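A.B. asks: Structure below; questions to follow.
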Amino acid sequence: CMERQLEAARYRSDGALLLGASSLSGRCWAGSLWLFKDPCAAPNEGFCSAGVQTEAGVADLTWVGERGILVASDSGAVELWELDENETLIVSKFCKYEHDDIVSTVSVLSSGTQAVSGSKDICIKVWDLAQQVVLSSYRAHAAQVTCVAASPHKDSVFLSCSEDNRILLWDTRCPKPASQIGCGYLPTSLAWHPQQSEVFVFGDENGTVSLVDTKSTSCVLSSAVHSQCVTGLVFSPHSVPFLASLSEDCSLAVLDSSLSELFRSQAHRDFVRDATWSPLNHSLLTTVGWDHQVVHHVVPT
Amino acid sequence: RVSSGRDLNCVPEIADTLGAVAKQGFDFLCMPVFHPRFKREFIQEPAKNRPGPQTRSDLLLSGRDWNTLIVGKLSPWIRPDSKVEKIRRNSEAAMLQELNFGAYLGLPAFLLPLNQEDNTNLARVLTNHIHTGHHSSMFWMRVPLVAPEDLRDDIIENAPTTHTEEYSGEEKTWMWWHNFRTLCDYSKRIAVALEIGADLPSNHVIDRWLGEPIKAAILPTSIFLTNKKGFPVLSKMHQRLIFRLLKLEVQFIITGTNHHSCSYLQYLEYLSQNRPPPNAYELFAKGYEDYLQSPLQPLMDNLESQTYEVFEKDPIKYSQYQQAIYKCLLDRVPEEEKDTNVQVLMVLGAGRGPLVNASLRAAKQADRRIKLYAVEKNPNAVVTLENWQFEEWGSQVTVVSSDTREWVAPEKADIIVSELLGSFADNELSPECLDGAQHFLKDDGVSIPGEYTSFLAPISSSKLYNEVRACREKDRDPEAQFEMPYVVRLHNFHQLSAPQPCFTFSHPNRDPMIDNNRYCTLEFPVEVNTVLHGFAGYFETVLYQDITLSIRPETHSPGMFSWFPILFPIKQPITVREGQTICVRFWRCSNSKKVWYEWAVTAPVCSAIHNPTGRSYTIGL
Ligand SMILES: Cc1ncnc2c1ccn2[C@@H]1C[C@H](Oc2cc(C(F)F)c(F)c3c2CNCC3)[C@@H](O)[C@H]1O
């Protein structure tokens, strides 16, 4: 009946909290989408602005602008759910079943008109959000696509990573778009750097986070942040951004540009699935977990 | 007409999902017993103490549904061979937990993937579950014809797909299965769920799965082409493979999302309906496929009435015997002597009299006179012969109740006719018998058959190897089942080399120091990489001149049922590389009481000598 496992927390430009969730146990294995105009009233279901029930669990989601929400479904579908004119409803635009297994990762491209999905079917697809079709289908990997992260400013560049131990730098301008960026353990999470469009960070299943420059695939700086897998990495909105890394070790850390630890939060009792920094207060960081918690952190800056 | 199932990775409501699947036409659903993404922790706090239920309840379905309709699926995050110590430890506990939950439910099958070269700890944890408690479920190893790493799109700029042939490299998924089942000690509860891709591999890659325990064949929706009308269809190469799997009676599984306006199931049913109809041999053997039987010993034992009934209902073999006598009667008696010469015709091992009735029809069409004798040692069959001698044959046939080697005949014979052959020709001791009948044969008399030859071909079949392994009995040598031939309608197997002649006997043998013992060395060129488990034996016989009978597959006498191939197993299976020669040695041995075979492989590796001194198997004289 209800979805206890919170999968995604996403703050839009004004400061309204987005909430993706799934029931990964019990009689029903369905999912839900929630909007909270009052972030402190989360995850209380009756203290929300809008909500919707989905037929399958929410593995991933992204803000397609300020009204739209792109969803990676267990059913093998990419879904677009847009807020109504009043922002008190969430309605389906498309539910496209083009992937043959759990869609687990999603990222909207720079123009906001294209997006890239990464499924357990090993494929990577590029979508036209307006045309509601798959522009290109890519079987470049050998195992499950763990993470797909679209470039901040380039609409044809993005990073993907997989259980086949590869990190592919994509640029759809080339006839062979993918390119392996080496340097170990399996890549689990990708985060593009906001200022250096040629720098990015990635987390492996051994709790280690590594700082990687596309240019030279050598000298690369890294640190052991967590004890278990690194499920996510999100950079702060600051001009000089802080990196928040979440993990299966039920902890959250905030690190500087030299990877030193500035914050550590053990408030979570289950897996930490998402982190979103406040558009209003840049030292306020929100983390949803599998324990149904929403925990609002005050990062010491 | 086709047992088919639906593979799912998303089941939000169990009975809703099953009802939709059943409406589609699927006889079963393969689904996860725990939520695919619900990763669990067993070692460290606080995720170790995760409250609430761990999966949906068993109450949601009747015990019957859980026993016949649900096929479990191992969670994709469970990786017992991960290079991360914590992931191995965690996936060990999670794997036993999932396997035990499927046993709790009485699931008829459970799926486990083979997607990497090393599955050593996966095998150890499955082997440990197999040895714990009471379950009996089948384990299905989902392994592809082509590894995903070798079928990827050539789109990685600095890591291109190779465009050269890698013979052994293309058969890598077979070795993933071979190592896995060797590690699990060839468990009868471990079978293959073979995954077919969009583009089929080379034939040799496909042929690596011959003789393998394939219980399911997985067809993903993306392998289906679209026709003019818009429905999913398959390439003519994919259809040939489906026809091969229909012979093995595998369970077809449809996986992945829908990309066509069940249509996939309808196509399978359509293909199944249009397969070539089963011939007389194919309909007779329906049920006997890969079933191990003891070879008959009609000399040592007395054949049951129904055994003779079955041997009689072989029109082809008797029509061939009719003509062999028909051509001999013309050759021995010229038309001028048509009523001056009556030929002494002696059947040796007459049974209930089917050769006696062939000799009557052969005397009518050849228009010659014959004096028939029906020699039979089985006193029970002799009751059948004497009731027919009185009621129908009359003075024509003289029924003699004796063993051909101890019978003192009234007068010498013109033709001796016998059916003393087994699936390996001389394995029923025909040489010994007809030898002891040469004294009562005229100095120019004909023997029908006049010659017979045994043949052998090396085979691969881990299924027949496992079937022989299951023949271990108490109060005997624990490996005696590997040192005796079996009569078997070989079906799930692979013939590694063309049959070659082994031992030949000719009758009469007017040479002294005759000796029926033999020693033959065969050299079998092998063109594929494989695993040898034994040798199929067949035979050929010359009844008279061009009239012949054969069970050698290439020259098989059409529509003949009296014989199925023999199988001579070997204790330890032998790896054979492409280009290697399998060398086999065979011996026919004897003392005054028994006759037996002994055999050994001398190349590419030696085996022990099988059945030394008939310690495991003899044929009584
Ligand atoms: C030394 C001695 N002296 C007298 N008779 C002897 C022997 C040894 C065996 N026998 C007979 C031979 C006979 O074997 C057959 C009869 C029929 C037919 F009757 F159907 C068959 F089709 C087939 C066989 C055997 N090969 C497969 C087909 C069986 O009756 C035995 O008792």
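Each chain in the structure tokens gets a letter, A, B, ..., in the order shown, and its residues are numbered from 1; ligands are numbered from 1 in order too.
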In stretch 103-165 of chain A, what's strand (DSSP E or B) per DSSP? Answer as a PyMOL selection string?

C.D. replies: chain A and resi 103-108+114-119+124-128+133-138+145-150+157-162

A.B. asks: Just want the 9 Å neighbourhood of residue B:225, counted on only C-alpha atoms, with same-chain residues fewer than 4 positions away dropped. Output as an NGL selection string.

C.D. replies: :B and (231-235)

A.B. asks: Using only C-alpha atoms, find which residues of chain A lie within 7 Å of chain B and jot them down as a list in words.

C.D. replies: residues 24, 25, 26, 27, 28, 29, 30, 56, 74, 75, 76, 97, 98, 99, 100, 101, 139, 140, 141, 142, 176, 177, 178, 179, 180, 206, 269, 270 and 271 of chain A

A.B. asks: Given the selection you just returned, output its residues as a file containing N, CA and C atoms, formatted as an mmCIF file, in the first residue's frame.

C.D. replies:
```cif
data_model
loop_
_atom_site.group_PDB
_atom_site.id
_atom_site.type_symbol
_atom_site.label_atom_id
_atom_site.label_comp_id
_atom_site.auth_asym_id
_atom_site.auth_seq_id
_atom_site.Cartn_x
_atom_site.Cartn_y
_atom_site.Cartn_z
ATOM 1 N N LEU A 24 10.040 -1.682 -1.951
ATOM 2 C CA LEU A 24 10.904 -2.781 -2.347
ATOM 3 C C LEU A 24 10.679 -4.056 -1.508
ATOM 4 N N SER A 25 9.514 -4.160 -0.839
ATOM 5 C CA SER A 25 9.110 -5.296 -0.008
ATOM 6 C C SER A 25 7.566 -5.291 0.152
ATOM 7 N N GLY A 26 7.015 -6.322 0.793
ATOM 8 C CA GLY A 26 5.575 -6.407 0.995
ATOM 9 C C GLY A 26 4.827 -6.914 -0.220
ATOM 10 N N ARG A 27 3.492 -6.943 -0.125
ATOM 11 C CA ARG A 27 2.608 -7.453 -1.174
ATOM 12 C C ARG A 27 2.773 -6.763 -2.517
ATOM 13 N N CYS A 28 2.943 -5.428 -2.488
ATOM 14 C CA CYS A 28 3.049 -4.601 -3.686
ATOM 15 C C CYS A 28 4.414 -3.975 -3.860
ATOM 16 N N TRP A 29 4.940 -4.039 -5.091
ATOM 17 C CA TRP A 29 6.252 -3.503 -5.435
ATOM 18 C C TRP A 29 6.161 -2.327 -6.405
ATOM 19 N N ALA A 30 5.159 -1.473 -6.194
ATOM 20 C CA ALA A 30 4.898 -0.280 -6.995
ATOM 21 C C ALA A 30 5.718 0.973 -6.466
ATOM 22 N N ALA A 56 4.971 0.817 -11.159
ATOM 23 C CA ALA A 56 6.223 0.140 -10.826
ATOM 24 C C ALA A 56 7.195 1.052 -10.044
ATOM 25 N N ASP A 74 11.353 0.193 -13.067
ATOM 26 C CA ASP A 74 11.665 -1.242 -12.984
ATOM 27 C C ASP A 74 11.022 -2.005 -14.107
ATOM 28 N N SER A 75 9.855 -1.559 -14.573
ATOM 29 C CA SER A 75 9.123 -2.186 -15.663
ATOM 30 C C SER A 75 9.859 -2.144 -17.005
ATOM 31 N N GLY A 76 10.931 -1.360 -17.100
ATOM 32 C CA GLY A 76 11.684 -1.199 -18.335
ATOM 33 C C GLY A 76 11.254 0.019 -19.131
ATOM 34 N N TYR A 97 8.178 1.900 -23.145
ATOM 35 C CA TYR A 97 8.865 0.659 -22.802
ATOM 36 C C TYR A 97 9.778 0.252 -23.945
ATOM 37 N N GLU A 98 10.969 0.840 -23.988
ATOM 38 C CA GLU A 98 11.934 0.523 -25.038
ATOM 39 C C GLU A 98 13.115 -0.350 -24.540
ATOM 40 N N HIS A 99 13.336 -0.378 -23.212
ATOM 41 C CA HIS A 99 14.374 -1.147 -22.550
ATOM 42 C C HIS A 99 13.817 -2.521 -22.146
ATOM 43 N N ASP A 100 14.641 -3.566 -22.259
ATOM 44 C CA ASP A 100 14.243 -4.927 -21.934
ATOM 45 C C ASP A 100 14.440 -5.335 -20.457
ATOM 46 N N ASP A 101 14.785 -4.399 -19.581
ATOM 47 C CA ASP A 101 14.962 -4.699 -18.155
ATOM 48 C C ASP A 101 14.878 -3.396 -17.319
ATOM 49 N N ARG A 139 24.516 -0.312 -27.462
ATOM 50 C CA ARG A 139 24.945 -1.490 -26.714
ATOM 51 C C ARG A 139 26.474 -1.474 -26.668
ATOM 52 N N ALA A 140 27.046 -0.525 -25.943
ATOM 53 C CA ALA A 140 28.502 -0.388 -25.846
ATOM 54 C C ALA A 140 29.119 -1.141 -24.664
ATOM 55 N N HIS A 141 28.304 -1.431 -23.657
ATOM 56 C CA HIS A 141 28.736 -2.100 -22.451
ATOM 57 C C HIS A 141 28.601 -3.650 -22.516
ATOM 58 N N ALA A 142 29.200 -4.342 -21.551
ATOM 59 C CA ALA A 142 29.134 -5.795 -21.477
ATOM 60 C C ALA A 142 28.262 -6.279 -20.311
ATOM 61 N N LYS A 176 32.212 6.581 -33.620
ATOM 62 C CA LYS A 176 32.352 5.655 -32.525
ATOM 63 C C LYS A 176 32.325 6.590 -31.330
ATOM 64 N N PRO A 177 31.122 6.801 -30.757
ATOM 65 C CA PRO A 177 30.974 7.793 -29.683
ATOM 66 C C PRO A 177 31.645 7.537 -28.343
ATOM 67 N N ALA A 178 31.828 6.277 -27.957
ATOM 68 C CA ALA A 178 32.372 5.969 -26.629
ATOM 69 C C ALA A 178 33.896 5.961 -26.543
ATOM 70 N N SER A 179 34.440 6.199 -25.348
ATOM 71 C CA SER A 179 35.874 6.198 -25.147
ATOM 72 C C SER A 179 36.181 5.878 -23.686
ATOM 73 N N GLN A 180 36.954 4.823 -23.437
ATOM 74 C CA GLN A 180 37.281 4.397 -22.079
ATOM 75 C C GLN A 180 38.227 5.332 -21.342
ATOM 76 N N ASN A 206 34.131 -0.075 -3.421
ATOM 77 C CA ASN A 206 34.977 -0.234 -2.249
ATOM 78 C C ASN A 206 34.955 1.038 -1.359
ATOM 79 N N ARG A 269 19.775 5.247 9.323
ATOM 80 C CA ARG A 269 19.811 3.873 9.846
ATOM 81 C C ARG A 269 19.696 2.786 8.726
ATOM 82 N N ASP A 270 19.421 3.195 7.479
ATOM 83 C CA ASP A 270 19.343 2.324 6.303
ATOM 84 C C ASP A 270 20.229 2.963 5.168
ATOM 85 N N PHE A 271 20.145 2.484 3.912
ATOM 86 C CA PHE A 271 20.973 3.016 2.828
ATOM 87 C C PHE A 271 20.641 4.456 2.497
#
```

A.B. asks: Output the neighbourhood of ligand 1 as a list in words, that is, all protein and nucleic acid residues with some atom at most 6 Å from the ligand, counting only C-alpha atoms and all ligand atoms.

C.D. replies: residues 298, 299, 302, 308, 311, 312, 348, 349, 350, 351, 352, 353, 354, 375, 376, 377, 378, 403, 404, 405, 419, 420, 421, 422 and 433 of chain B

A.B. asks: Would you put the residues from that selection into a file with C-alpha atoms, as a short mmCIF file (atom, residue, chain, number, x, y, z; two decimals), in the first residue's frame?

C.D. replies:
```cif
data_model
loop_
_atom_site.label_atom_id
_atom_site.label_comp_id
_atom_site.auth_asym_id
_atom_site.auth_seq_id
_atom_site.Cartn_x
_atom_site.Cartn_y
_atom_site.Cartn_z
CA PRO B 298 18.75 -64.63 -25.48
CA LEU B 299 21.26 -67.49 -25.19
CA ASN B 302 14.69 -67.19 -22.04
CA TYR B 308 9.10 -61.96 -29.23
CA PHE B 311 10.59 -58.60 -32.52
CA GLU B 312 7.87 -60.02 -34.85
CA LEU B 348 18.49 -71.74 -35.76
CA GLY B 349 16.89 -69.81 -32.92
CA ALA B 350 13.34 -69.86 -34.36
CA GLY B 351 11.53 -68.09 -31.47
CA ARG B 352 7.76 -68.21 -32.01
CA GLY B 353 8.47 -68.78 -35.81
CA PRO B 354 8.73 -65.45 -37.75
CA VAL B 375 15.36 -75.23 -33.85
CA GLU B 376 14.60 -73.34 -30.57
CA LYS B 377 16.11 -73.74 -27.05
CA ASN B 378 13.58 -71.57 -25.14
CA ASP B 403 20.29 -75.78 -28.34
CA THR B 404 21.92 -75.69 -31.83
CA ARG B 405 25.33 -76.71 -30.39
CA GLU B 419 18.66 -63.93 -36.25
CA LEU B 420 21.25 -64.29 -33.40
CA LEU B 421 22.46 -60.64 -33.65
CA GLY B 422 22.53 -57.89 -31.10
CA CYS B 433 26.33 -70.48 -32.05
#
```

A.B. asks: According to DSSP computed on the backbone, where in stretch 194-312 of chain B is there alpha helix (DSSP H)? Give the residues as a VMD selection string.

C.D. replies: chain B and resid 203 to 207 236 to 247 263 to 273 280 to 284 305 to 312

A.B. asks: Could you jot down the atom CA of residue B:577 to atom CA of residue B:250 separation for me, Å, one decimal place?

C.D. replies: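 Atom CA of residue B:577 sits 28.3 Å away from atom CA of residue B:250.
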
A.B. asks: Contacts of residue B:509 at 12 Å or less, counting only C-alpha atoms, minus same-chain residues fewer than 4 places along, as a PDB file with C-alpha atoms, in the first residue's frame?

C.D. replies:
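What landed in selection_6.pdb:
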```pdb
ATOM      1  CA  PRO B 431      29.766 -66.470 -33.815  1.00  0.00           C
ATOM      2  CA  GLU B 432      29.818 -69.255 -31.124  1.00  0.00           C
ATOM      3  CA  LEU B 434      26.706 -70.682 -35.876  1.00  0.00           C
ATOM      4  CA  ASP B 435      30.210 -72.220 -35.335  1.00  0.00           C
ATOM      5  CA  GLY B 436      28.521 -75.119 -33.469  1.00  0.00           C
ATOM      6  CA  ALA B 437      26.082 -75.557 -36.362  1.00  0.00           C
ATOM      7  CA  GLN B 438      28.763 -75.844 -39.134  1.00  0.00           C
ATOM      8  CA  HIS B 439      29.104 -79.589 -38.487  1.00  0.00           C
ATOM      9  CA  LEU B 441      25.903 -77.871 -42.599  1.00  0.00           C
ATOM     10  CA  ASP B 443      30.175 -78.949 -47.449  1.00  0.00           C
ATOM     11  CA  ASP B 444      28.564 -76.324 -49.777  1.00  0.00           C
ATOM     12  CA  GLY B 445      25.616 -75.023 -47.662  1.00  0.00           C
ATOM     13  CA  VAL B 446      24.748 -71.281 -47.296  1.00  0.00           C
ATOM     14  CA  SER B 447      24.528 -69.429 -43.932  1.00  0.00           C
ATOM     15  CA  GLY B 450      26.839 -64.804 -44.196  1.00  0.00           C
ATOM     16  CA  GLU B 451      28.670 -61.834 -42.673  1.00  0.00           C
ATOM     17  CA  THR B 504      33.714 -58.836 -38.474  1.00  0.00           C
ATOM     18  CA  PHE B 505      32.505 -62.466 -38.546  1.00  0.00           C
ATOM     19  CA  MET B 513      42.105 -72.444 -35.480  1.00  0.00           C
ATOM     20  CA  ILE B 514      39.044 -70.153 -36.170  1.00  0.00           C
ATOM     21  CA  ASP B 515      39.259 -68.067 -32.867  1.00  0.00           C
ATOM     22  CA  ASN B 516      36.381 -65.627 -32.113  1.00  0.00           C
TER      23      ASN B 516
END
```

A.B. asks: Quick one: residues within 12 Å of residue B:598, only C-alpha atoms counted, chain neighbours fewer than 3 positions away excluded, as a PyMOL selection string?

C.D. replies: chain B and resi 482-485+517-520+568-570+584-590+595+601+607-618

A.B. asks: Residues within 8 Å of residue B:489, please, as a list in words. Count only C-alpha atoms; anything in the same chain fewer than 3 positions from it doesn't count.

C.D. replies: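 Once the nearby chain positions are removed, what remains is residues 285, 288, 289, 290, 291, 564 and 565 of chain B.
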
A.B. asks: What would the file look like if the residues just selected were written as a CSV table (one decimal), in the first residue's frame with C-alpha atoms?

C.D. replies:
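Just written: again_31.csv:
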```
chain,number,residue,atom,x,y,z
B,285,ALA,CA,11.3,-44.7,-30.0
B,288,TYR,CA,12.9,-44.6,-25.1
B,289,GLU,CA,15.1,-41.5,-25.8
B,290,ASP,CA,18.3,-41.7,-23.7
B,291,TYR,CA,16.8,-44.4,-21.5
B,564,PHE,CA,18.7,-49.5,-31.0
B,565,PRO,CA,22.4,-48.5,-30.7
```

A.B. asks: Can you pull out the residues contacting residue B:129? Cut-off 8 Å, using only C-alpha atoms, and skip same-chain residues under 2 positions away; I want them as number ranges by chain.

C.D. replies: B: 96, 99-100, 125-127, 131-133

A.B. asks: Which residues, written as a tab-separated table (two decimals) with N, CA and C atoms, in the first residue's frame, have at least one atom at most 9 Å from residue A:126, with only C-alpha atoms counted and residues fewer than 4 positions away on the same chain left out?

C.D. replies:
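That gives us around-v8.tsv:
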```tsv
chain	number	residue	atom	x	y	z
A	114	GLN	N	16.56	16.61	-24.65
A	114	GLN	CA	17.13	15.28	-24.80
A	114	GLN	C	17.50	14.71	-23.41
A	115	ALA	N	17.56	13.39	-23.31
A	115	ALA	CA	17.95	12.71	-22.08
A	115	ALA	C	18.61	11.35	-22.38
A	116	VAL	N	19.38	10.81	-21.42
A	116	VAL	CA	20.03	9.51	-21.61
A	116	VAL	C	19.70	8.51	-20.48
A	117	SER	N	19.16	7.34	-20.84
A	117	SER	CA	18.83	6.29	-19.87
A	117	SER	C	19.84	5.15	-19.91
A	133	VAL	N	10.44	9.61	-28.54
A	133	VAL	CA	11.04	8.48	-29.22
A	133	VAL	C	12.52	8.31	-28.80
A	134	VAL	N	13.10	7.13	-29.09
A	134	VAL	CA	14.50	6.88	-28.84
A	134	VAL	C	15.26	7.34	-30.08
A	135	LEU	N	16.10	8.36	-29.94
A	135	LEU	CA	16.90	8.86	-31.05
A	135	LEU	C	17.98	7.85	-31.45
A	136	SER	N	18.72	7.34	-30.45
A	136	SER	CA	19.78	6.36	-30.71
A	136	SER	C	19.82	5.27	-29.62
A	137	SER	N	20.08	4.01	-30.02
A	137	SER	CA	20.23	2.88	-29.08
A	137	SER	C	21.67	2.33	-29.08
A	138	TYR	N	22.34	2.40	-27.93
A	138	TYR	CA	23.75	2.01	-27.76
A	138	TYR	C	24.05	0.78	-26.86
```

A.B. asks: Could you jot down the atom CA of residue B:396 to atom CA of residue B:411 separation for me, Å, one decimal place?

C.D. replies: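 A separation of 15.3 Å between them.
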
A.B. asks: Point out the residue among A:208, A:167, A:181, A:292 with the least atom-to-atom distance to residue A:45, counting only C-alpha atoms.

C.D. replies: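 Nearest to residue A:45: A:292.
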